[PDB]
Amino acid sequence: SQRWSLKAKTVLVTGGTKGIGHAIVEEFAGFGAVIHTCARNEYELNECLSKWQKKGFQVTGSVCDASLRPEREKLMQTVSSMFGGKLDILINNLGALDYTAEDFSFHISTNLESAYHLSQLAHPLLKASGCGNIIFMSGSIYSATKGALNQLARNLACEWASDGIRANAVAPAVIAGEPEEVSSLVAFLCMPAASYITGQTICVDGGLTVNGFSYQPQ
């Protein structure tokens, strides 16, 4: 019922034109939520937005390069004015002949910075919502990214709970049915029915055992 309802909940999802982000927009839109998304390619955006309205989904978007400071500030200003200064959900969806050290550090930090900054640009809207929710949805490079994001997630959760802001991190499977099916866990975590769930770092992996001993991603 009302506990499992996302109806009319305002959602900001970054990178909503593909992969997990697109699946997350669909999932939330399936629950009749109001979503704003973004993408660098204005053609793919309008392209996804079109297909969405033809499904009864209420989604708006903007051409933002989430890797740029002024872009993240503009995006959040566009979100506040359209949601009336209040934001219920924030889905920090990070984007995707061998990588060097500079590239390794550039990609891992850029991801963390973008995520850490967007969370700060959204705080006021989230806190004003009364039931704020944040979810960080994101080898070699990836793994180190995971470890980095899991910590930030749990750190924030241990810092904004009084403002009523919960934060959790979700990771796709490493071993398996689509990996994009994880969108339903993302949705549930943001439901009022999951208000007590915060600081969780969940990876929906197939998991495995050896001779009877468990083994899973870290």
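The numbering used is simple: start at 1 and walk along the sequence shown.
Engineer: Residues with no coordinates between residue 145 and residue 146 in the deposited sequence, how many: none, 1 to 3, 4 to 9, or 10 or more?
Structural biologist: Gap between residue 145 and residue 146: none, chain continuous.
Engineer: What is the count, as a class, of unmodelled deposited residues between residue 96 and residue 97: none, 1 to 3, 4 to 9, or 10 or more?
Structural biologist: According to the record, 4 to 9 deposited residues lack coordinates from residue 96 to residue 97.
Engineer: Between 184 to 192 and 56 to 64, which has the larger average Cα B-factor in the PDB entry?
Structural biologist: According to the entry, 56 to 64 carries the higher average C-alpha B-factor.
Engineer: Between 206 to 214 and 193 to 201, which has the larger average Cα B-factor in the PDB entry?
Structural biologist: Taking the mean B-factor of the alpha carbons in each, 206 to 214 is higher.
Engineer: Just the C-alpha B-factor column, please: which of 89, 121, 101, 115 has the biggest number?
Structural biologist: So the option with the highest C-alpha B-factor is 101.
Engineer: Looking at 176, 170, 149, 29, which one carries the largest C-alpha B-factor according to the PDB entry?
Structural biologist: The listed residue with the largest C-alpha B-factor is 176.
Engineer: Per the entry's values, where does residue 50 land by CA temperature factor relative to the rest of its chain, in the lowest, middle or highest third?
Structural biologist: Highest third.
Engineer: Among all modelled residues of this chain, ranked by Cα B factor, put residue 134 in the bottom, middle or top third, i.e. lowest, middle or highest.
Structural biologist: Its C-alpha B-factor belongs to the lowest third of this chain's values.
Engineer: Place residue 141 in the lowest, middle or highest third of its chain's C-alpha B-factors, as listed in the PDB entry.
Structural biologist: Top third by C-alpha B-factor.
Engineer: C-alpha B factor of residue 154, ranked within the chain: lowest, middle or highest third?
Structural biologist: According to the entry, residue 154 has a C-alpha B-factor in the chain's middle third.
Engineer: Ordered by C-alpha B-factor within the chain, which third holds residue 82? Give me lowest, middle or highest, please.
Structural biologist: It belongs to the highest third of the chain when residues are ordered by C-alpha B-factor.
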